[PDB]
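One structure is given below, encoded as structure tokens.
Each reported figure results from applying straightforward, stated rules to the coordinates on display, with no laboratory input. Neighbour counts run over all protein chains shown; Cβ positions are idealised from the backbone, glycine included.
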Amino acid sequence: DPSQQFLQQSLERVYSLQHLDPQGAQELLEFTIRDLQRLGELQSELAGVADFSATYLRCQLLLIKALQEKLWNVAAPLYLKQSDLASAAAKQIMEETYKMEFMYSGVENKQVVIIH
Amino acid sequence: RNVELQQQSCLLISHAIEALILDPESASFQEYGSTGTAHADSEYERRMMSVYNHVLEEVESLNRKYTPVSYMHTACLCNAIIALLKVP
Amino acid sequence: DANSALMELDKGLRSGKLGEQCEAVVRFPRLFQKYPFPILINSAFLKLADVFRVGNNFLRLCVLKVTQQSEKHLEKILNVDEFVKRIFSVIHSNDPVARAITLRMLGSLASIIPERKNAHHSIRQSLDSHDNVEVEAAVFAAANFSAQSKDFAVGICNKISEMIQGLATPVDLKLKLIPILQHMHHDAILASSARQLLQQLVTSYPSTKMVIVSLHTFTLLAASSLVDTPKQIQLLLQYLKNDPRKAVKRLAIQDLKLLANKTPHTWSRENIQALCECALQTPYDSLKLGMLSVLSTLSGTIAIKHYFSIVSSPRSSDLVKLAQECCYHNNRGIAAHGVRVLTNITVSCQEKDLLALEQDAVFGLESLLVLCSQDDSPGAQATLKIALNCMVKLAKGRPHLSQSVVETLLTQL
Amino acid sequence: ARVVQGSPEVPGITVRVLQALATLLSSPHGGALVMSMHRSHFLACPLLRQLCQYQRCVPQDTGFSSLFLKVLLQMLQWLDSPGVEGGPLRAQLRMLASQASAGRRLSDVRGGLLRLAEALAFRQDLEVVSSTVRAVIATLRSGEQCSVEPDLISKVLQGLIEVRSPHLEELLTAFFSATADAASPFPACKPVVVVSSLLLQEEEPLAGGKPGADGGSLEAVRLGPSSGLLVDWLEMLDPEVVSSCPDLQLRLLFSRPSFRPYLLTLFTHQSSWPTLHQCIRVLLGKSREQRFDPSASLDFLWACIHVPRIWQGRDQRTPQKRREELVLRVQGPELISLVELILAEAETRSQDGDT
Amino acid sequence: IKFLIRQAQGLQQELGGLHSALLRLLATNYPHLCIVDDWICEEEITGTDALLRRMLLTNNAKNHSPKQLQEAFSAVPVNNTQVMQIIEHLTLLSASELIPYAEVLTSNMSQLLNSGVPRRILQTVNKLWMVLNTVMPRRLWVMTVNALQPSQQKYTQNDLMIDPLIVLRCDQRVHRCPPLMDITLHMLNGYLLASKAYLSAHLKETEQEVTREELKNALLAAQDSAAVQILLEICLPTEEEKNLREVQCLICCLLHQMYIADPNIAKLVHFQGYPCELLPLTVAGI
């Protein structure tokens, strides 16, 4: 099962690579997300787990991108919107949590607690 | 970014006048946020961000000292205006 | 006017001479992109198909070109079976050139008929004949379908394996044949079978022509089917180290460049290590330039953090030694591509021992600047541009050295 | 101000901070002037000053350069070496540069242990590049390389190969046809970074039988990786597969290797009809030694008739069943030998089985 | 003209009606350039094999020159591998960079026929000749004919278009060397059409009535028939035989194309009848 082995390899690589700059983190998550989508399209039996992990990593990437926004570098009263992408980031991430919790068929308590 | 900066200056003067002259206790908001991180992309932006920080650190200190009668509040407003116009 | 403009070409197609008939046939893409209406598109292709079925074997070439030019408009055809019957009815003609034209046209219609079993069969039949001008077109059509269908690719791959391993077909055609194995990315089993085929094909035909073709085709295959890239990279590295053919080494470099440009993170540590060792061993300047370009491309991306990931000092790491030596090597290009890796590592990875490398880099930069100051050659300015870009990246990434670099630049002014 | 060059060099050698930039700019100015041919007589004075400084205290300067200041030393050395390379006018400073490099290397081989060739690597590279002298033997150099190969010294082999390559690039001479095979087998067995260049040189202006030498080497040596290079050479320098030594060629094509099918297809599609007919007759001829691999031979026979050049135009894949169009006439004893050989290899049955 | 029309074919989006008008004029006046076997070979494949091979093998090919090839070629019999090596690197070049070598190859095609040369040289030369045919046919055909005259006038383009059978007045050794017979048939098929066009233009020019037109038609019919007749005569074995199988196959393909192009040729060649020793060959070959 080279496909499944490779999927696990990529996921664990993402897990491991967390001690580095958010700039690098964003690119790593992007590479691996497009990787996972490609693999999900390529296979059919892994199409579930591949897309599930893909949406999860996308959720994490959205959170990181929101956190590294320029809004935090300006004082509170100077907030002026049109840059606070975190506003839409919150809605997108919440919707993705709903999507992952419900749409997929086989879900365990461990995964449910992760999602919550 | 330049246009956003001008809007920030305008909103700064508005916030200063509103939180210093009008009800200061109503505002009672602390500038408790990351400030002054050297991420600006131009010396012009850096200078403006410095001016903003100067104005905020003055106004936070001068929030409750005097009554709304605006004894020295006029001085703070005038100095903020001069600073804002200084950067051409 | 949309309907009128059609009949004006229709009467031309009805003219006696192939002069007017050819003029009409090559005039359609104009009318198409003028009026993209689906009704008119379908009406046009019906008449094109008929004039193709009954043609002078040159109107057919013109129609083949029209199909190869207006491909985007093909999907919007309401009537497909009639059109395909008309086009396919000239594959039984005994003329070896009229079969070759039709196979090309079918290959150009994979988008709208990707599952037609009769077309698949006819192509697989024409692929094993005695007429060169039709085999060289069946190859094209087979490569065309093998991308937009799966059940065709599964049969083809076996056909091609057999027909390569049979001593038939000249080497000239064997060259044209291999690239079809690019489009075996549909399924993991397809990819595995193709790779297993490679491992034998390369050793069974250790020419230079065949190796050059096959290695590139199957590095493309590894890029497409992202499950065996670690395996592909090590084969490329072995051939980089061992085979003495300068051409094969240069292909290895120009292929590892593509793999390092598409998927940098997957590169392990020992892979980079072995590449650096190979770069050290070679005495050849051009190959050293190639390996250093690949390493510069890798350095910018995430691969560097993995390479300096712990669970051996960075000074013990060979990459540093190669960077340092090439930073002062004579050749301007090698020096530039060296300083690139040094700048990238200094900006990205910040270890305690690397600080001396900051001084090393910054001082090498002025050497590059003075070397390129007065050359006034196109390559000289290319290297100078790279050097200044490295300077800018270093300064902005690390404000510490900005004062150092600026005064130097002023002195070179 | 060339007089202070030695004194600033010592100040530069120990600590300069800024004077190094001035020294480099001065040297770059001289290099640019030389490139423009503007009578820039400053480099030689700097070279002489450097030589004098090295002769004064080789150990101290070497230690400072290879331990404390690597960047400045490397930059200065690179600037100097490019100066010599550009100034090919009589190479007067070449001898001084070679002597200085040799002395610095001698000092460093002992003084530099922790700093393992941090810049001494560049020094050694410059020395090797500059030491590309032209050999004058071209006949005993092969013996020297052969002796080194038994000695198995990497640097010695590299230097010998580099020297020989210039010799071959020089005027052609009468190359020996005895030690060439040994040299090629040894350079192939050992990792020869310049193996391809050496082979090209020795094969281009060669006073001997290139096809014979290549065939013998390929048939005897079981060299894995370079076998492709050998195959390409064999094909290109012998445009016909069977040209000079038919006995050896046939032994190579058919036997009791790994690249056999490539050669065999080339033979099928690149042989004159008379040569092919003679090959058929000799291969199928009676021989009790079983000197031809029956599998390869029979496959080659079956491919000969179907060479597409022969059916290039006749109607295809629609044949009358009774109508037998074309065959290959053969003789009585030849037919007997054919049937006997096919039966003999059929009797192999190592694993295939009766079915 | 051929080069420019190919460029225009390549670029169709910009040139609105210019491409259509040019192609009409070509196909109407210059039919000896609209021969499908010429344009089809241009499309090659989409396999990119040639492109990838060239991008990695041209490098710096030790600066090969027409005079360098000429030097090696003047002593090719003494050294054949040198010629093999030179033309092997020639094959990779693009359709344009090859023009400077048109004289070297075409002028010196005589001694290629000499026995001994492995047919790889001939196959590669045929491939190069086809590449050059896809670029500059007009000049190339004249060069080839005047180079393959037997061992000596210098035929001109206008001369050949009058009596194209001049193509077949070549070295009798040509009739037994497959790779060059191919080129000779290509020239013959081109120049027959060219002659048709030339006569058609000439009659219109000199008109300053029908009798002339059907004289033209009769001449063309007889001309095609005679070409076919000499071709069959070539297929006949010579007494010395009492290779030829490849030569007969190539002639069979050419005859097949002519027969499909026009039936009346089939009806005329037969009413003239031809040596009946050939029936067992043609009946299956065509």
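Compute and list, largest first, the equivalent-ellipsoid semi-axes of the range E:130-225 from the alpha carbon gyration tensor, each √(5λ) rounded to a whole angstrom. Walk me through the numbers on the way to the answer.
Details: eigenvalues 152, 41, 30 Å².
Computed over the range E:130-225, the values are 28, 14, 12 Å.
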For the pair residue C:231 and residue A:5, how long in nm is the line joining their label points, each one 7 Å along Cα→Cβ? 0.9 nm
C-alpha center-to-center spacing [the range B:23-79, the range E:207-224] in angstrom: 104 Å
Could you please report the charge total around residue C:214, scoring K, R as +1 and D, E as -1 over all other residues with beta-carbon less than 14 angstrom from its beta-carbon? +3
Provide, in order from the shortest bin, the percent of all Cα-Cα pairs of the range D:93-163 in each 10 Å bin, continuing until the bin that contains the maximum pair distance. 18, 38, 34, 11, 0
Can you compute the radius of gyration and Dmax for the range D:232-282, using only the Cα atoms, both in Å? 10.4, 28
Kindly state, as a whole number, the per residue volume in cubic angstrom of the convex hull around the alpha carbon atoms of the range E:1-154. 143 Å³
What number, in nm² with one decimal, is the all-direction average of the projected area of the convex hull of the alpha-carbon atoms of the range C:1-148? 8.3 nm²
Tell me, what is the percent relative contact order of the range C:54-175, built from C-alpha pairs under 8 Å that lie six or more residues apart? 21 percent
Principal axis dimensions, the range C:46-130 - Cα atoms, whole angstrom, descending: 37, 29, 20
Which whole-angstrom value gives the distance between the alpha carbon centres of the range D:287-353 and the range D:74-127? 68 Å
Using θ = phi - 60° and Karplus 6.51 cos²θ - 1.76 cosθ + 1.60, couplings along the range D:135-149 (whole Hz; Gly, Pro as x): 5, 10, 9, 6, 10, 8, 4, 4, x, 4, 5, 4, 4, 4, 3
For the range E:14-56, state which trypsin sites (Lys or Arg not before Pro) are in a DSSP loop and have at most 12 other beta carbons lying within 10 Å of their beta carbon. none
How much space per residue, in cubic angstrom, does the convex hull of the C-alpha atoms of the range D:1-117 take up? 92 Å³
What does the net charge come to around residue C:348 if you take all other residues with beta carbon closer than 14 Å to its beta carbon, with K and R at +1 and D and E at -1? +1
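Ignoring everything except DSSP H segments at least 4 long, calculate the 222 nm mean residue ellipticity for chain A; use -39,500 (n - 2.57) per segment, divide by total residues, nearest 500. Show your work: numbers first, answer last.
Working: 5 runs with 82 residues, N = 116.
Result for chain A: -23500 deg cm²/dmol, rounded to the nearest 500.
Taking the Cα centre as origin and putting +1 on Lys and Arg beta-carbons and -1 on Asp and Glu beta-carbons, what dipole magnitude results for the protein assembly as shown, to the nearest 20 debye?
Approximately 1120 debye in magnitude.
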Once you treat every alpha carbon in the range B:44-88 as an equal point and sum by Debye, what is log10 I(q)/I(0) at q = 0.14, 0.26 Å⁻¹? -0.36, -0.92
Just the number: Rg to Rh for the range E:87-138, Cα atoms, Kirkwood Rh, two decimals. 0.96
Sparsely packed GluC sites (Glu not before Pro) within the range A:18-116, loop by DSSP, other Cβ within 10 Å at most 15: A:45, A:69, A:108
Is there a simple number for the mean count of other chain Cβ atoms within 10 Å of the Cβ of residues in C:92-102, and what is it? 3
If each residue of separation counts as 0.36 nm, what is the full-extension length gain between residue C:261 and residue C:4 once their alpha-carbon separation is subtracted? 87.3 nm
Over the range C:39-86, the quotient of the Cα radius of gyration and 2.2 N^0.38 Å is 1.08
So for chain D, what percent of the C-alpha to C-alpha distances run longer than 30 Å? 60 percent
Add +1 for every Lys or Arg and -1 for every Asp or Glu among the other residues with Cβ under 12 Å from the Cβ of residue D:28, and state the total. -3
Give me the orientation-averaged projected area of the Cα convex hull of the range C:173-290, in nm², one decimal. 7.1 nm²
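For residue C:158 and residue D:317, what is the calculated FRET efficiency with R₀ set at 25 Å and r taken between the beta-carbons, to the nearest 0.05?
On the way: r = 20 Å, r/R0 = 0.80.
Computed FRET efficiency for residue C:158 and residue D:317 comes out at 0.80.
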For residue C:352 and residue E:4, what is the calculated FRET efficiency with R₀ set at 56 Å and r taken between the beta-carbons, to the nearest 0.05? 0.25
Where q = 0.21, 0.28 Å⁻¹, what log10 of I(q)/I(0) comes from the Debye formula for the range C:273-315, counting one point per Cα? -0.76, -1.03
Computed Kirkwood radius, in angstrom, where 1/r is averaged over Cα pairs of chain C: 25.5 Å
If packing is taken as the average number of other Cβ atoms within 10 Å across a peptide's residues, how do E:15-23, C:188-196 rank, most packed first? C:188-196, E:15-23
Rank C:394, D:139, E:116 by how far each Cα sits towards the positive end of the charge dipole of the protein assembly as shown (+1 on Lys, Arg Cβ; -1 on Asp, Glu Cβ) and give me just the farthest. D:139
Cα pair distances of the protein assembly as shown binned at 10 Å [whole percent]: 1, 7, 12, 16, 17, 16, 13, 9, 5, 2, 1, 0, 0, 0
At a temperature of 37 °C and a viscosity of 0.692 mPa s, determine how fast the range E:204-286 diffuses translationally according to Stokes-Einstein, using the Kirkwood radius over alpha-carbon pairs as Rh; express D in µm²/s, rounded to the nearest whole number. 228 µm²/s
Please report the Cα spread of chain E along all three principal axes, rounded to whole Å, starting with the longest. 63, 62, 38
Can you work out the Karplus-derived ³J(HN,Hα) for every residue in the range C:113-126? Use 6.51 cos²θ - 1.76 cosθ + 1.60 with θ = phi - 60°, whole Hz, and x for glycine or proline. 9, x, 10, 6, 5, 5, 4, 3, 5, 4, 5, 4, 6, 5
Under the 7 Å Cα-to-Cβ spin-label approximation, residue D:33 and residue C:396 lie apart by a distance in nanometres of 4.0 nm
The range D:107-225, convex hull of Cα, quarter of hull surface, nm² -> 8.9 nm²
Distance in nm between pseudo-label sites at residue D:282 and residue B:70 (7 Å out along the Cβ direction from Cα): 11.5 nm
If packing is taken as the average number of other Cβ atoms within 10 Å across a peptide's residues, how do D:241-251, D:68-78 rank, most packed first? D:68-78, D:241-251
Cα-Cα over 29 Å: which of C:174/C:257; C:47/C:176; C:262/C:393; C:246/E:127; C:72/C:117? C:47/C:176
Any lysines with Cα under 23 Å of the residue E:204 Cα? List them, leaving off those in the same chain fewer than 8 positions away. C:17, E:196, E:216
Largest-first principal axis extents, alpha carbons of the range C:97-138, Å: 28, 16, 13
Please sort by residue number the GluC sites (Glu not before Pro) in the range E:1-75 whose DSSP state is loop and whose Cβ has at most 14 other Cβ atoms within 10 Å. E:14
When N counts the residues of chain B, how does its alpha-carbon radius of gyration compare numerically with 2.2 N^0.38 Å, as a ratio? 1.11
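Cα-based Rg of the range C:1-55 per 2.2 N^0.38 Å, rounded to two decimals? Provide the component values of the computation, followed by the final result.
Working: Rg = 10.6 Å, N = 55, 2.2 N^0.38 = 10.1 Å.
Computed over Cα atoms of the range C:1-55, the ratio equals 1.06.
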